[PDB]
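Have a look at the structure that comes next, please.
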Amino acid sequence: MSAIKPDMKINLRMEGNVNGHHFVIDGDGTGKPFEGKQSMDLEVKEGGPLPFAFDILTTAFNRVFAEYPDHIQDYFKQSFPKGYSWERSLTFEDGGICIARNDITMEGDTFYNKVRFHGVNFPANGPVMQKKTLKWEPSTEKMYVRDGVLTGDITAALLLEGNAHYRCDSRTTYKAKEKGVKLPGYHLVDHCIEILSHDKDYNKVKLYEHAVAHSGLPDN
Amino acid sequence: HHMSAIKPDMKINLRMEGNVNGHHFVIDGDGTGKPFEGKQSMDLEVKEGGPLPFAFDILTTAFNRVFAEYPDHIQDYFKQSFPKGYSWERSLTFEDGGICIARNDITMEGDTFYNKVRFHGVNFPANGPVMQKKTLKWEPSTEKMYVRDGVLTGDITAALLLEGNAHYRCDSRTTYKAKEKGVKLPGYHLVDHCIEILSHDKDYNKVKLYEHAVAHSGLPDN
Amino acid sequence: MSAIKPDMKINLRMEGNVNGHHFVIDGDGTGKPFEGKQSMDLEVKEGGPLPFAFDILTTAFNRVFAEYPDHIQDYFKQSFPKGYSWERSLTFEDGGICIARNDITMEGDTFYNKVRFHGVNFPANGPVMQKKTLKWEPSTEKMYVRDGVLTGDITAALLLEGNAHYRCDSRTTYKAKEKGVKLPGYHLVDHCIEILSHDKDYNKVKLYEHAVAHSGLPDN
Amino acid sequence: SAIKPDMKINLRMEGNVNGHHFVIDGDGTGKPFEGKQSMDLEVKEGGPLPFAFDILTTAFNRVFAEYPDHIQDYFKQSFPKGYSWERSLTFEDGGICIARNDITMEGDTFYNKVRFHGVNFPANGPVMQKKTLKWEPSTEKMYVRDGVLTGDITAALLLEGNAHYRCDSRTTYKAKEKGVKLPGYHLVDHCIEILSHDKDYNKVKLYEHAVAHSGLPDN
């Protein structure tokens, strides 16, 4: 019966505009929803080479891939087969601001992802337009309900070249397609995201994420 | 520096496309204005996505700082950006987490400004004034203009008046970029705005918009 | 009914702590409430020389000194003789954060100001700790009521060396001592504050402010 | 060396919130290497407090955090001479607090000189109306910025009626002694609890458990 299979495929299509530069990126990947692990091969179809740091895009490339323990409601696995969508804001400390959307549907063993990404006001001398980012640091997303909608806030950080950090405040709203999907209580989701490999211009990127839901101390 | 080919009476042509809270929309604008008086009007028509499920007011500042009265002692970046034109990018951070970005690519052919506008909004709560259409108007605002990381930047602390005498705060940051080289950057200055929906139909599928803008140096000389 | 005189004396006592550094500063001044003008001689009694930019303190050194038109309700002049108090948050773009308070009273022809100022998290190499500020730019405070309390918001900026700018978001809450003082509608107050003179270490400072309330365009 | 498995905690807080002055004393014990501590708090001046006691609780020492061997422990290495911190708390409704603690150590006791100031809390907000229940368990993101160890938290207060009240916190940590090695980026999980209190929160028992870690997949 279950909509969620142990091994699932990921189909993704992103179109976006950062600082006036339009781009199209396709992703094709696989994942283990119950283990909270997924990997995806990304290919820039339009707008390559990207004039900005690829890292700002990577969290937009599905919380269904997160290990949820029995005592926390899994809103995301409960949202299928119909699916769910999310909206996100990324507020960077130097004034750069991004919003993103993803409409997530499923057919058989495959998730389909319609993603949009727009970023503005990144300074020319900043780490994003200078491509000085190395990776996102491991984060902890704070999950809670606000105005009937499941919300996730993260104090995120990009590691820069020269071992400095670049801060980003992330807010995501998650909405199931189907009515009656039970909202979860407050909890946390640990994230770890990594670009495993890329070509020189990041026209081709292999991406990996691991995520685990928990209740924080002392339950750990 | 050079003659802008900006005439005292200009036409305005505008297509906006956007998505707020998952809802796609296309809106056209046709207007007229007096750049040196800092005044403009425009009739807006929702072409796709009507009727909008959100407050039309959030879009109205996206619907050109050429239409601003600049005194002789403050550099006018925008009129000097023409004939070639300029583009802007904006972030709108509302107090309840709603966040919008917007851009506009502005060009000029003869007597007409052309505006390619894009508007994207996320995270507006369902029972907030935006999704509930509980806004009345923008209050008159004052944009702070300064050069930030080598780019002219406008920061506004704005307020939407709500039904029930309450206000709804929005912080906006706009970055302005001339297309042609050699455009002198201005020093710090202020721009007073007053934007107003003069009339609309019930669903805001048709809207008449008006703006009055005046640049000044603040106290004591203003 | 007012007892606010066209010419008023100003007595001020500030104590505070920025970056762990405690200080006491006294002010002696005069002003013209109905012209919206005031000046003040400031003297650092303890904590001198200040290791931070004096400019961050200057807005803490009374909206009584603002020219209000008849068509705008003057909360501040109406708050006397009993007086009023304000609290303020100053949020700087590099994470430095200040709070301040002033309890304002009137005895005869003199205003007494009990001021407190605390600032934290200023970067060692930012313009505040490095004293790279030149002046506050003239500003426009947005006045409006929030939760039954008069509130003013400012998109403020410090001019720096080289004519760069350092942004500060200022929120003040204004509370009359007497109950029932009628709240004003939305309006603006233009400000221009200046250090007219000072000694090398800013132990002695002559300060000036001009403020004028208005309705914004098209009226002003 | 400097820090014992069992330690005493002596604390004085003096502060002002919404114009209301207060003095709170604290006495407690903790196990630094287990990252646990308890404290009996007494409001000496300003009782009963007209605001939610919860907003003060994180002001009442990252010495009390379990640091694993693979992460530099700036705090335990800061002793015997000690360290200070400054903090901003930015609440979602405009309320803003700053706080400071100078932490010293003589013998088996920590000494804490705490100051706390809060402004712009709305009269019908959860803080002034005392509608908070607790802080939710949190994760502090630790990193260096401009030569100084810095911790950011997206924290939440649980309210009556099951809603939440968001607070963004930034703490700057500074060793008294020079040359203390800065750690690399890491995380600190927190759980803070009022164990017991009287009706007016004049007396409060407070508990914190905290554990440093490297995040997924190494935690």
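Remarks
In this document, chain identifiers A, B, C and D correspond to the written order of the chains, with residue numbering beginning at 1 in each.
As a working rule, a residue touches a chain if its C-beta (ideal position, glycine included) is under 8 Å from a C-beta of that chain, and two chains touch if they have at least 3 such contacts.
Separation between the centroids of chain A and chain B, computed from CA atoms only, is 31 Å. The centroid of the Cα atoms in chain A and the matching centroid in chain C are 44 Å apart. Counting partners per residue, chain B has 148 as the residues that reach two or more other chains. In terms of inter-chain touching, the protein chains here make up one closed cycle, each touching precisely two others.
Here, these are the chain pairs in contact: A-B, A-D, B-C, C-D. Against chain C, in their complex, chain B makes its touches with residues 139-142, 144, 146-148, 155-159, 161, 165-167, 169, 171, 187-188, 190, 192-194, 212-214, 217-220, 222. Contact residues of chain A toward chain B in the complex are 17, 19-20, 85, 87-89, 91, 95, 97-101, 103, 116, 118-121, 123-126, 146-149, 171, 173.
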